[PDB]
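Each remark here refers to the structure printed beneath this line.
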Protein chains: 2
Amino acid sequence: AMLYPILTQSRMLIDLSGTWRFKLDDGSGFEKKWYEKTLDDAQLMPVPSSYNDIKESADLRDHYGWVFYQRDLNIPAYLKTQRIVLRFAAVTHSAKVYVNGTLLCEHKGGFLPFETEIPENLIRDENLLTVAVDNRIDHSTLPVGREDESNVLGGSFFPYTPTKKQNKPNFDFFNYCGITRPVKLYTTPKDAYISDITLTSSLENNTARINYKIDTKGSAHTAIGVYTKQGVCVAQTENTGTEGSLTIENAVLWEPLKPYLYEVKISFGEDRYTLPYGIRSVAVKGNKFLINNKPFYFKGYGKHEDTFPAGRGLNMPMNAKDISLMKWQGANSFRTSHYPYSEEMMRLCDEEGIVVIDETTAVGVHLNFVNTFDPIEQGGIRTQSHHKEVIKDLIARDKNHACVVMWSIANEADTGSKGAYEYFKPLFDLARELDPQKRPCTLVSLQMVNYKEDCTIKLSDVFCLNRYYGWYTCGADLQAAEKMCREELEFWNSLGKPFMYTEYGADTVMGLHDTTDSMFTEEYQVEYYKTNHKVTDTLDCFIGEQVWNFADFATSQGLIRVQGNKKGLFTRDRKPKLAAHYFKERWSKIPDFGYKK
Amino acid sequence: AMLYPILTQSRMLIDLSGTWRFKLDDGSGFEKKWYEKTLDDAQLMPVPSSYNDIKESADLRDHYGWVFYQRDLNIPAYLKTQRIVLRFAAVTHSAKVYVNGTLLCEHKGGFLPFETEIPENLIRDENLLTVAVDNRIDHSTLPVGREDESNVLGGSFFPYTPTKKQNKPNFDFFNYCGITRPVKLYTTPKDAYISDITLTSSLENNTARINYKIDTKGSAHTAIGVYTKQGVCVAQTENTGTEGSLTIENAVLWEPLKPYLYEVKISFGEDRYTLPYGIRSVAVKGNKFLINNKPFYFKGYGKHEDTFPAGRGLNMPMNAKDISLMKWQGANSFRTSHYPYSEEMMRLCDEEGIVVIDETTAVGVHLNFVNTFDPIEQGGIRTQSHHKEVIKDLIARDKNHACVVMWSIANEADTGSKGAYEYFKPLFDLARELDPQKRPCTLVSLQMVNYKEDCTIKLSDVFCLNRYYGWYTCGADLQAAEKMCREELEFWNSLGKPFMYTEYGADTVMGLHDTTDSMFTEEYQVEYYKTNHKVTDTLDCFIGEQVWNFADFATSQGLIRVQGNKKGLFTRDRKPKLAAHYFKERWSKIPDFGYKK
Ligand SMILES: [Cl-]
Ligand SMILES: [Cl-]
Ligand SMILES: [Cl-]
Ligand SMILES: [Cl-]
């Protein structure tokens, strides 16, 4: 259970972000127990931020292993009358958290929150908070790191021996690590408090019924009230226990680009918590993706959390800039490729009416780009257990978001190979079991020669395809790209279920131009997209287009990465390429609902 | 025999360059004998120029097969008292030349001149000159085109069927074709004229002895005179026949960056011809490359003939700009990668004191990047016969240039495989036989794991290496690049013979930057070069550094070509990247002679 920490009449909220001490592990930090004392001979690092790009050091950017963050934590003893909690919104990839040299918690998974109470007895007059952060990835982590597998995107013409041991990402984006999202101290009443809130809605005529389950610790009485934005109470139930329901007459529905959030206020004993909440329905019916019973057409992007110089770190001005650009362009949606995004972004999307495909950290689950899904004993991928935990934690965090309409279980896994169905079926079953709203589930399909053998066909409610007709195949032959595109997409269209692009694009360096089709130029990016839409616009089961990518982003180094991935419609500093203007024109003429009715 | 056409007291020179008619072959141009009539429904094309980039049409740029050029040729009948010659400086790749629907000549080889007399009887009051130009390349052409071999640099992740049949270059640079260099009509006396001039020099104390052989047609008397730039006669011999010698007291030697050209004036009957000529010696001795008996250090580049929009076409303002930039940067030399350059450039290098490594068209002689040098019956490369002709014609054209100090027999052939020595030994023997000055010969060595098996070791006077330590291997690991560089180059240094870099570089997009080593940025280009020089500056047999490339240039399309090849020190419009300033500083501090003495 991970409610977003907020300031309330029963809950303090103390941000610990700022300038922290920082030290690379030299192989002796745990042996010499650096967490027991002030870090010596240390640097300074902003928190929240990825650490890789803050300095000018390749040894720091390309570090392998642990680093140690630390700050002083001097708090009033009178907080000891309350329950005291340290919340880590995200520490990438793995964390060990120490207060005064006592290990308080550990966490695996770099993109979801975790928390620990501080035992009263540990809090001295002066305290040290130390966070050790591990950046290493392998066959057991999500995202996956290679072990003996070859570098496909960053391969040399002639092999060489690396100077130092390094991570081997099985994914494109740069392995930004550190204290990615805010660290905060918060409090709740000690004896009785709210641990979780679950809300589902049903629309009977113009009356919404909101079913609630309020999970609590301790013995007290539970109450719930639903308020309009302007502050009018529209439903209230007292002494309701855990489960109940209530109704809102003439409810205002949350719609894409037309958001409406009620405020759901909960009391339990002395505890107070307010959750914003939008009322909307999601259903797949035939080849339609229905939001509030209307056939939606996705217009948008796969994104990354990527800005300079914080890397993956929470950047709230850029989040607001990015949503503004989305509305400027006529987009209505994006996918959280390839990890859960910050709660601050997710809550902002609820407020702004941006639809979200919420995706796990499960990218790189692919050992043949020994079978990927062989038994662990025979060398198969070792991620399924953690994959289950990620699904649990992602849905627990994001279940109440109106903006989340579909779960993406994995990106570009080896879904055309033997054992893939056996790996994924329990994960799809888990997502359907745990999501109270029973939203659609998908996996994001890698381009593959044997596409009819993609186990997505047996599992997903929507088929989500990553396809690069005119880039990774048919480059500079867009007539051949159109023919190859049509041949495959007519197969998917024949299945009668909704399908969409979750990735399609062409690397494009701003400022490169040619009137005559030429890879990496701004004009070719436009022609690539025109060619694909010639096909997709004729297919009635094709219900959405999300480009790769919203913006240029950092990646590992190699011969096909021109200082990162250049498939953005915008540059890394959010400037529009020619194709950004193309999509503004195109999306201006396509309705959010009823394009393919 | 191909003397450069000049205006003299016995020789008219009439340039036919300008706007010509132009038509793509549609498969019927020879059947319908388009050369017999004015081209119908034709476009217009500048001559000289490559045709590929003049318009905005991909079908034109990527044309496969023949095109037809044509112009009117209305000349005075009184020229019929003279011998009338049509000179094609270069037609890329193969040509058929028609006057009034009579086929006058055909030529194979896109980068060397050819000529034909016009029979008096064919010249009507009004005439048509038609040039059919073939762009097709295969296992029998230089440069080599692939037939069934795979595309290594421009390969897709997923195979596709091309829309139309296209050339398959076995080389990086774009396959620019057309009437690349000027077409001119010239005249000589009919009955007796000079066909060729051969000069060699010997330095006895401060006296130069110039040995001459004047090849003529007809019966007349031969005379030769050598004049200073200011016009003083310094040697003269009359009625000398074909072979002879003469001496120049206190001769001014041609030196790199300090050129001096005498004027050698020849008369034969009524014919007059003037050849510029620099006096200098070239010899390899031990690990030294001696120009005028002093140990030279090459500083410069592999170039291309490449500008926008003419492609490969002769661009005389840019030739002068390029030499000016070379002198600005402190360079002393370049290689004509990967084909003979225009006579206008070669004569300008003589005038300006730029040293030249003169290279054949033999790039792509490599079928395993069936053995490359298997017998033709078993599928081996079919180029050796034409390769011999190219060597003959290149040396015949350029033998008298002081600026030419070494012949490059081939670039990046399969010289580490069986049969390579057997293929190349006759070609090296031919070059040594035909060059009157017996200049050094080399081949330019591809980077290869089995470098000790490179047959260059058995054939070349100088070992010329193309090496990409820190780009195609060890990318973004320059410490590993330095170690791998040193390990291999210490082998070459142990052989005791002169060796050099003819290629080394890193793709660099102007305007991309990072303080921290990152491929494709301007800073990484500098660090790449610093790392390599750390090694080469410590090796006493390493006698020269020529970067890849002088300037960004156009290539085929593919995932590793960011709108062409970006390894230029300068952009395509000749603007300096950071590394251009690095080399200006570095070469400013390295003498042309006696750096490694
Ligand atoms: Cl990615
Ligand atoms: Cl991509
Ligand atoms: Cl090239
Ligand atoms: Cl290259």
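For the structure tokens, the naming scheme is as follows: chains receive sequential letters (A, B, ...) according to their order of presentation, residues are indexed from 1 within each chain, and ligands are indexed from 1 in presentation order.
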Which polymer residues have any atom within 7 Å of an atom of residue 482 of chain B, counting only C-alpha atoms, with same-chain residues fewer than 5 positions away left out, as a JSON list (two decimals) with N, CA and C atoms, in the first residue's frame?
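That gives us around37.json:
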[["chain", "number", "residue", "atom", "x", "y", "z"],
["B", 531, "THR", "N", 44.37, 10.40, -28.52],
["B", 531, "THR", "CA", 44.71, 9.05, -28.08],
["B", 531, "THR", "C", 45.60, 8.35, -29.10],
["B", 532, "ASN", "N", 45.26, 8.46, -30.39],
["B", 532, "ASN", "CA", 46.07, 7.79, -31.40],
["B", 532, "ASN", "C", 47.47, 8.38, -31.46],
["B", 535, "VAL", "N", 50.30, 7.23, -29.19],
["B", 535, "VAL", "CA", 51.03, 6.05, -29.65],
["B", 535, "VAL", "C", 51.93, 6.39, -30.83]]
Determine, for each residue of chain A having at least one atom at most 7 Å from an atom of ligand 1, the closest pair of atoms and their separation in Å to one decimal, counting only C-alpha atoms and all ligand atoms; order by chain and ascending number, as a Markdown table.
| residue | atom | partner | partner_atom_place_in_ligand_line | distance |
| --- | --- | --- | --- | --- |
| A:171 | CA | ligand 1 | 1 (Cl) | 6.0 |
| A:172 | CA | ligand 1 | 1 (Cl) | 4.3 |
| A:173 | CA | ligand 1 | 1 (Cl) | 4.3 |
| A:338 | CA | ligand 1 | 1 (Cl) | 6.8 |
I need the chosen residues saved as a compact mmCIF listing (two decimals), in the first residue's frame, with C-alpha atoms.
# COMPACT_ATOMS: atom_id res chain seq x y z
CA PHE A 171 17.69 -1.98 -23.48
CA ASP A 172 18.34 1.23 -25.42
CA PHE A 173 17.92 4.01 -22.85
CA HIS A 338 9.75 1.67 -20.05
At a cut-off of 6 Å, using only C-alpha atoms, what residues contact residue 441 of chain B? Leave out same-chain residues fewer than 4 positions from it and give the result as a PyMOL selection string.
chain B and resi 406-407+460-461
Within 10 Å of segment 279-295 of chain B using only C-alpha atoms, minus same-chain residues under 6 positions, as a VMD selection string:
chain B and resid 199 to 203 208 to 210 251 to 256 259 to 262 400 to 406 437 to 440 461 to 462 493 495 to 499 540 to 544 592 to 597
Mind checking which residues fall within 12 Å of residue 15 of chain A, counting only C-alpha atoms, ignoring those fewer than 3 positions away in the same chain, and posting them as number ranges by chain?
A: 5-7, 12, 18-19, 47-48, 73, 85-89, 181-187
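Taking only C-alpha atoms and all ligand atoms into account, every polymer residue with at least one atom at most 9 Å away from ligand 2 is listed here: residues 172, 468, 472, 503, 504, 505, 506, 507, 548, 549, 565, 566 and 567 of chain A.
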Write a file of the selected residues as a CSV table (one decimal), in the first residue's frame, keeping N, CA, C and O atoms.
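Output (result25.csv):
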chain,number,residue,atom,x,y,z
A,172,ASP,N,17.7,0.1,-24.7
A,172,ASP,CA,18.3,1.2,-25.4
A,172,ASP,C,18.7,2.4,-24.5
A,172,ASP,O,19.8,2.9,-24.4
A,468,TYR,N,8.9,-0.5,-37.3
A,468,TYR,CA,9.8,0.4,-37.9
A,468,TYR,C,10.0,0.2,-39.4
A,468,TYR,O,11.1,0.1,-40.0
A,472,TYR,N,14.3,0.5,-39.5
A,472,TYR,CA,15.1,-0.7,-39.3
A,472,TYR,C,15.0,-1.7,-40.4
A,472,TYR,O,15.8,-2.6,-40.5
A,503,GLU,N,5.1,2.2,-30.9
A,503,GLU,CA,6.4,2.7,-31.4
A,503,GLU,C,6.4,2.7,-32.9
A,503,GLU,O,6.1,1.7,-33.5
A,504,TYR,N,6.8,3.8,-33.5
A,504,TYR,CA,7.2,3.9,-34.9
A,504,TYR,C,7.9,5.2,-35.1
A,504,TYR,O,7.5,6.2,-34.5
A,505,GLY,N,9.0,5.2,-35.8
A,505,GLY,CA,9.8,6.5,-36.0
A,505,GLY,C,11.0,6.3,-36.8
A,505,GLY,O,11.4,5.2,-37.2
A,506,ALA,N,11.8,7.4,-36.9
A,506,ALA,CA,13.0,7.4,-37.7
A,506,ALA,C,14.0,8.4,-37.0
A,506,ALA,O,13.6,9.5,-36.7
A,507,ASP,N,15.2,8.0,-36.8
A,507,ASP,CA,16.2,8.9,-36.2
A,507,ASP,C,16.4,10.1,-37.1
A,507,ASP,O,16.5,10.0,-38.3
A,548,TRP,N,7.4,6.7,-31.5
A,548,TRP,CA,8.7,6.7,-30.8
A,548,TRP,C,9.5,7.8,-31.4
A,548,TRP,O,9.9,7.7,-32.6
A,549,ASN,N,9.9,8.9,-30.7
A,549,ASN,CA,9.6,9.1,-29.3
A,549,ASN,C,9.1,10.5,-29.1
A,549,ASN,O,9.2,11.3,-30.1
A,565,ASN,N,19.3,8.5,-28.7
A,565,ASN,CA,18.3,8.2,-29.6
A,565,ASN,C,17.7,9.4,-30.2
A,565,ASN,O,17.2,10.3,-29.4
A,566,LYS,N,17.6,9.5,-31.5
A,566,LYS,CA,17.2,10.8,-32.2
A,566,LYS,C,15.8,10.7,-32.8
A,566,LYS,O,15.5,11.4,-33.7
A,567,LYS,N,15.0,9.7,-32.4
A,567,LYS,CA,13.6,9.5,-32.9
A,567,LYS,C,12.6,10.5,-32.3
A,567,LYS,O,11.4,10.4,-32.7
I need the contact residues of chain B against chain A, so if you could list those with any atom within 7 Å, counting only C-alpha atoms, and return them as a ChimeraX atom specification, that would help.
/B:56-58,156-163,472-477,479-480,515-520,557-560,562-563
Could you tell me how far atom CA of residue 226 of chain A lies from atom CA of residue 1 of chain A, in Å and to one decimal?
21.6 Å
How would you write, as an MDAnalysis selection string, the set of residues in segment 183-353 of chain B that DSSP gives as strand (DSSP E)?
chainID B and resid 183:188 193:204 207:217 222:227 233:238 243:248 262:268 271:277 282:285 288:291 294:295 298:302 333:335
